[PDB]
>>> print(open('work.pdb').read())   # PDB, C-alpha atoms
ATOM      1  CA  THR A  47      50.905 102.921 106.845
ATOM      2  CA  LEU A  48      49.285 104.581 109.859
ATOM      3  CA  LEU A  49      52.313 106.857 110.162
ATOM      4  CA  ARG A  50      51.463 108.226 106.730
ATOM      5  CA  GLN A  51      47.820 109.292 106.682
ATOM      6  CA  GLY A  52      47.704 109.588 110.461
ATOM      7  CA  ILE A  53      49.670 112.775 109.972
ATOM      8  CA  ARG A  54      47.152 113.713 107.279
ATOM      9  CA  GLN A  55      44.236 113.378 109.669
ATOM     10  CA  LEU A  56      45.988 115.105 112.558
ATOM     11  CA  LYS A  57      46.971 117.929 110.199
ATOM     12  CA  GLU A  58      43.470 119.343 109.651
ATOM     13  CA  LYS A  59      42.479 119.089 113.307
ATOM     14  CA  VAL A  60      44.048 122.421 114.286
ATOM     15  CA  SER A  61      41.319 124.991 114.944
ATOM     16  CA  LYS A  62      40.646 128.391 116.559
ATOM     17  CA  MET A  63      43.326 131.007 117.241
ATOM     18  CA  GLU A  64      42.459 130.478 120.907
ATOM     19  CA  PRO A  65      44.683 128.050 122.902
ATOM     20  CA  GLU A  66      41.935 125.396 122.833
ATOM     21  CA  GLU A  67      44.028 123.587 120.220
ATOM     22  CA  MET A  68      45.656 121.508 122.953
ATOM     23  CA  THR A  69      42.294 119.889 123.656
ATOM     24  CA  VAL A  70      42.600 118.542 120.136
ATOM     25  CA  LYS A  71      46.348 117.953 120.271
ATOM     26  CA  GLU A  72      46.046 115.735 123.338
ATOM     27  CA  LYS A  73      44.124 113.395 121.056
ATOM     28  CA  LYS A  74      46.974 113.806 118.574
ATOM     29  CA  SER A  75      49.950 113.310 120.848
ATOM     30  CA  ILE A  76      48.720 109.976 122.157
ATOM     31  CA  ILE A  77      48.621 108.734 118.581
ATOM     32  CA  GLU A  78      52.080 110.189 118.203
ATOM     33  CA  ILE A  79      53.054 108.240 121.290
ATOM     34  CA  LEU A  80      51.730 105.204 119.480
ATOM     35  CA  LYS A  81      53.655 106.463 116.471
ATOM     36  CA  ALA A  82      56.797 106.456 118.590
ATOM     37  CA  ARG A  83      56.179 102.755 118.974
ATOM     38  CA  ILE A  84      54.666 102.272 115.512
ATOM     39  CA  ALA A  85      57.964 103.602 114.234
ATOM     40  CA  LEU A  86      59.600 100.777 116.173
ATOM     41  CA  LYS A  87      57.673  98.380 113.939
ATOM     42  CA  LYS A  88      59.377 100.071 111.014
ATOM     43  CA  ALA A  89      62.923  99.884 112.365
ATOM     44  CA  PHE A  90      64.416  98.756 109.059
ATOM     45  CA  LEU A  91      66.703 100.134 106.368
ATOM     46  CA  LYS A  92      67.665  98.031 103.361
ATOM     47  CA  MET A  93      68.077 100.358 100.412
ATOM     48  CA  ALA A  94      68.875 103.935 101.310
ATOM     49  CA  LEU A  95      66.488 105.753  98.992
ATOM     50  CA  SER A  96      66.916 107.683  95.800
ATOM     51  CA  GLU A  97      68.940 107.638  93.825
ATOM     52  CA  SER A  98      70.114 104.137  94.721
ATOM     53  CA  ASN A  99      66.704 102.688  93.971
ATOM     54  CA  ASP A 100      66.809 104.507  90.657
ATOM     55  CA  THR A 101      70.192 102.912  90.067
ATOM     56  CA  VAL A 102      68.547  99.562  90.705
ATOM     57  CA  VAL A 103      65.777 100.197  88.218
ATOM     58  CA  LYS A 104      68.323 101.364  85.661
ATOM     59  CA  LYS A 105      70.386  98.295  86.492
ATOM     60  CA  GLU A 106      67.469  96.161  85.383
ATOM     61  CA  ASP A 107      67.017  98.548  82.463
ATOM     62  CA  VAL A 108      70.360  97.388  81.152
ATOM     63  CA  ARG A 109      69.752  93.903  82.492
ATOM     64  CA  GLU A 110      66.490  93.664  80.540
ATOM     65  CA  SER A 111      68.239  94.750  77.332
ATOM     66  CA  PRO A 112      69.806  91.333  76.508
ATOM     67  CA  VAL A 113      66.337  89.794  76.594
ATOM     68  CA  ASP A 114      65.796  91.419  73.205
ATOM     69  CA  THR A 115      69.039  89.958  71.850
ATOM     70  CA  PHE A 116      69.866  86.287  72.338
ATOM     71  CA  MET A 117      66.184  85.467  72.733
ATOM     72  CA  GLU A 118      65.725  87.032  69.325
ATOM     73  CA  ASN A 119      68.463  84.683  68.145
ATOM     74  CA  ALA A 120      66.347  81.844  69.512
ATOM     75  CA  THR A 121      63.750  82.983  66.981
TER      76      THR A 121
ATOM     77  CA  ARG B 304      71.525  58.285  64.926
ATOM     78  CA  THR B 305      70.334  60.070  68.042
ATOM     79  CA  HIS B 306      73.206  62.545  68.149
ATOM     80  CA  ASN B 307      72.723  63.549  64.524
ATOM     81  CA  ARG B 308      69.389  65.249  64.047
ATOM     82  CA  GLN B 309      69.430  66.425  67.631
ATOM     83  CA  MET B 310      72.723  68.218  67.102
ATOM     84  CA  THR B 311      71.411  69.656  63.861
ATOM     85  CA  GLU B 312      68.165  70.963  65.311
ATOM     86  CA  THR B 313      69.842  72.288  68.448
ATOM     87  CA  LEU B 314      72.120  74.134  66.063
ATOM     88  CA  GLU B 315      68.950  75.358  64.369
ATOM     89  CA  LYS B 316      67.194  76.242  67.625
ATOM     90  CA  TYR B 317      68.507  78.775  70.112
ATOM     91  CA  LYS B 318      71.775  78.745  68.195
ATOM     92  CA  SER B 319      69.644  79.143  65.059
ATOM     93  CA  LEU B 320      72.423  80.481  62.891
ATOM     94  CA  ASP B 321      75.479  79.115  64.665
ATOM     95  CA  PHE B 322      77.446  80.550  61.764
ATOM     96  CA  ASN B 323      75.993  83.999  62.456
ATOM     97  CA  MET B 324      79.120  84.980  64.373
ATOM     98  CA  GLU B 325      81.214  84.466  61.236
ATOM     99  CA  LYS B 326      84.210  84.626  63.588
ATOM    100  CA  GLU B 327      85.421  88.234  63.463
ATOM    101  CA  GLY B 328      82.051  89.438  62.195
ATOM    102  CA  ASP B 329      80.620  88.413  65.558
ATOM    103  CA  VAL B 330      82.820  90.965  67.299
ATOM    104  CA  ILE B 331      81.243  94.400  66.899
ATOM    105  CA  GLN B 332      77.971  92.782  65.838
ATOM    106  CA  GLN B 333      77.692  91.494  69.401
ATOM    107  CA  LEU B 334      77.173  95.148  70.230
ATOM    108  CA  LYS B 335      75.128  95.715  67.071
ATOM    109  CA  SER B 336      72.820  92.912  68.162
ATOM    110  CA  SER B 337      72.787  94.276  71.717
ATOM    111  CA  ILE B 338      74.417  97.642  72.435
ATOM    112  CA  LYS B 339      72.791  99.038  69.301
ATOM    113  CA  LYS B 340      69.429  97.902  70.666
ATOM    114  CA  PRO B 341      67.387 100.578  72.424
TER     115      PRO B 341
ATOM    116  CA  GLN C 312     107.000 120.488 115.216
ATOM    117  CA  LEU C 313     106.535 120.593 118.983
ATOM    118  CA  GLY C 325     104.324 114.314 116.166
ATOM    119  CA  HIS C 326     102.492 113.441 112.959
ATOM    120  CA  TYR C 327     101.804 110.076 111.351
ATOM    121  CA  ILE C 328     100.004 108.027 108.749
ATOM    122  CA  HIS C 329      98.752 104.485 109.048
ATOM    123  CA  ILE C 330      97.851 102.184 106.190
ATOM    124  CA  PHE C 331      95.813  98.978 106.344
ATOM    125  CA  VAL C 332      93.779  96.451 104.456
ATOM    126  CA  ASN C 333      90.134  96.500 105.550
ATOM    127  CA  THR C 334      86.744  94.833 105.067
ATOM    128  CA  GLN C 335      83.566  96.854 104.456
ATOM    129  CA  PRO C 336      80.522  94.895 103.188
ATOM    130  CA  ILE C 337      77.588  96.946 101.836
ATOM    131  CA  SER C 338      73.950  96.023 101.203
ATOM    132  CA  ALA C 339      73.783  98.317  98.178
ATOM    133  CA  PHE C 340      75.331  95.605  96.040
ATOM    134  CA  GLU C 341      74.419  92.669  98.255
ATOM    135  CA  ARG C 342      70.910  92.304  96.887
ATOM    136  CA  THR C 343      70.851  94.652  93.922
ATOM    137  CA  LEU C 344      73.507  92.469  92.318
ATOM    138  CA  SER C 345      74.096  88.720  92.505
ATOM    139  CA  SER C 346      71.794  86.322  90.645
ATOM    140  CA  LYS C 347      74.099  86.745  87.676
ATOM    141  CA  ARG C 348      77.826  86.893  87.108
ATOM    142  CA  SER C 349      77.865  88.972  90.283
ATOM    143  CA  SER C 350      79.516  87.948  93.538
ATOM    144  CA  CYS C 351      77.751  88.079  96.870
ATOM    145  CA  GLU C 352      80.525  87.973  99.454
ATOM    146  CA  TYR C 353      84.064  88.489  98.209
ATOM    147  CA  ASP C 354      85.041  88.944 101.112
ATOM    148  CA  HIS C 355      86.782  91.312 101.682
ATOM    149  CA  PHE C 356      89.711  93.654 101.011
ATOM    150  CA  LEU C 357      90.603  97.370 100.990
ATOM    151  CA  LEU C 358      93.382  99.929 101.492
ATOM    152  CA  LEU C 359      93.130 102.202 104.533
ATOM    153  CA  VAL C 360      95.060 105.476 104.484
ATOM    154  CA  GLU C 361      94.817 107.306 107.808
ATOM    155  CA  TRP C 362      95.802 110.965 108.013
ATOM    156  CA  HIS C 363      96.180 111.706 111.728
ATOM    157  CA  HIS C 364      96.966 114.704 113.949
ATOM    158  CA  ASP C 365      94.196 116.492 112.121
ATOM    159  CA  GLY C 366      91.175 114.706 113.519
ATOM    160  CA  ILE C 367      90.236 114.205 109.893
ATOM    161  CA  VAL C 368      91.541 110.656 109.409
ATOM    162  CA  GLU C 369      90.511 111.167 105.779
ATOM    163  CA  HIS C 370      90.452 108.120 103.526
ATOM    164  CA  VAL C 371      92.260 109.463 100.480
ATOM    165  CA  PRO C 372      91.804 107.569  97.181
ATOM    166  CA  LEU C 373      94.390 105.088  95.928
ATOM    167  CA  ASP C 374      94.902 104.299  92.261
ATOM    168  CA  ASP C 375      97.930 102.654  90.708
ATOM    169  CA  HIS C 376     100.440 103.678  89.823
ATOM    170  CA  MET C 377     101.186 104.761  93.391
ATOM    171  CA  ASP C 378     104.450 105.132  95.299
ATOM    172  CA  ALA C 379     105.632 105.860  98.814
ATOM    173  CA  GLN C 380     106.387 109.375  97.617
ATOM    174  CA  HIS C 381     103.104 110.423  96.058
ATOM    175  CA  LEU C 382     101.137 109.726  99.207
ATOM    176  CA  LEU C 383     103.472 111.906 101.192
ATOM    177  CA  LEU C 384     103.190 114.542  98.498
ATOM    178  CA  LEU C 385      99.401 114.716  98.532
ATOM    179  CA  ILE C 386      99.484 114.698 102.309
ATOM    180  CA  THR C 387     101.957 117.555 102.583
ATOM    181  CA  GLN C 388      99.840 119.370 100.042
TER     182      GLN C 388
END
>>> encode(input="work.pdb", output="C-alpha cells")
Amino acid sequence: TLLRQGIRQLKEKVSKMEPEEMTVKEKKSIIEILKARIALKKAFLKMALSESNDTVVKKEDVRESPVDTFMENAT
Amino acid sequence: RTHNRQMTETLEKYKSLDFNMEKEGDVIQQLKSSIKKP
Amino acid sequence: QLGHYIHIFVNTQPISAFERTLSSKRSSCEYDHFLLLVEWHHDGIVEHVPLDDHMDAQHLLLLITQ
C-alpha cells in the first residue's frame, strides 16, 4: 500500500548536489517513521513467497485437471 | 417402481457408461482419461 | 579424545505451507505429529541428517564418522 508507492514518491525528491537534500529528507524520514509503524500493520507472514506460491498455483494446475475428466464422463 | 428407472438413469447420468471401465480396461484408461489430458 | 554423543527423538513440527495449500480434499490438516530427530553434537552443528529405511544402528554411526 503506502509502503509501496510512498518509496516511489520519496525517490524522486532528491535534488541538488548541495547538502540541502536533508531539507527534503526530513519530510521523507517522518513518513518513514510512519512506515516503521505502517510496517507494524503488515506484521504477517502466511506463505513465504516464490516459489511456494508457484507450487500452489501448480497444485491447482493438477487439481484442475480432473475437472476435464469425470465431469466429461457426466456428459 | 421408484428404484428402477431412477437406478437406470443415474447409471446413465454421471456414471453415463458405468460399463466404461470394462474392469481391467479401466486401469490405464483412468490415466488415458486423465493423465493423458493436457 | 580428551566426549561425543548423538541423541535421537521423535518430534512435532507443523508447517503452514501445507496447512492451507492442502486440505479441502483427501488431504489432512493436523496429523499431528511425528518425526525422527538425529542430533550430532560436539560440533555445534546439531545437523538433522536424513533417515530413510532401511536403516540400522550401524549406518548412522558410519555416516557420522564419515
>>> closest_residue(input="work.pdb", among="B:335, B:304, B:330, B:310", to="chain A", atoms="all atoms listed in the file")
B:335
>>> atom_distance(input="work.pdb", atom1="atom CA of residue 335 of chain C", atom2="atom CA of residue 364 of chain C")
24.3 Å
>>> residues_around(input="work.pdb", residues="residue 59 of chain A", least_positions_apart="3", cutoff="9 Å", atoms="all atoms listed in the file", output="compact mmCIF listing (two decimals) with C-alpha atoms, in the coordinates of the input")
# COMPACT_ATOMS: atom_id res chain seq x y z
CA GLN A 55 44.24 113.38 109.67
CA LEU A 56 45.99 115.10 112.56
CA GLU A 67 44.03 123.59 120.22
CA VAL A 70 42.60 118.54 120.14
CA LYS A 71 46.35 117.95 120.27
CA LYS A 74 46.97 113.81 118.57
>>> interface_residues(input="work.pdb", of="chain C", to="chain A", cutoff="9 Å", atoms="only C-alpha atoms", output="PyMOL selection string")
chain C and resi 338-339+343-344
>>> axis_aligned_box(input="work.pdb", around="segment 67-79 of chain A", padding_each_side="8 Å", output="AutoDock Vina command-line options")
--center_x 47.7 --center_y 115.9 --center_z 120.9 --size_x 26.8 --size_y 31.3 --size_z 21.5
>>> residues_around(input="work.pdb", residues="segment 347-354 of chain C", least_positions_apart="4", cutoff="9 Å", atoms="all atoms listed in the file", output="ChimeraX atom specification")
/C:334-336,340-342
>>> residues_near_point(input="work.pdb", point="(93.6, 116.3, 111.5)", cutoff="12 Å", atoms="only C-alpha atoms", output="MDAnalysis selection string")
chainID C and resid 325:328 361:370 386
>>> resolve_selection(input="work.pdb", expression="the PyMOL selection byres ((chain A) within 10 of (chain B))", output="list in words")
residues 108, 111, 112, 113, 114, 115, 116, 117, 118, 119, 120 and 121 of chain A
>>> resolve_selection(input="work.pdb", expression="the PyMOL selection byres ((chain C and resi 373) around 9)", output="list in words")
residues 358, 360, 371, 372, 374, 375, 376, 377 and 382 of chain C
>>> atom_distance(input="work.pdb", atom1="atom CA of residue 332 of chain C", atom2="atom CA of residue 387 of chain C")
22.7 Å
>>> atom_distance(input="work.pdb", atom1="atom CA of residue 50 of chain A", atom2="atom CA of residue 64 of chain A")
27.9 Å
>>> resolve_selection(input="work.pdb", expression="the PyMOL selection byres ((chain A and resi 75-88) around 9)", output="PyMOL selection string")
chain A and resi 48-49+52-53+71-74+89-91
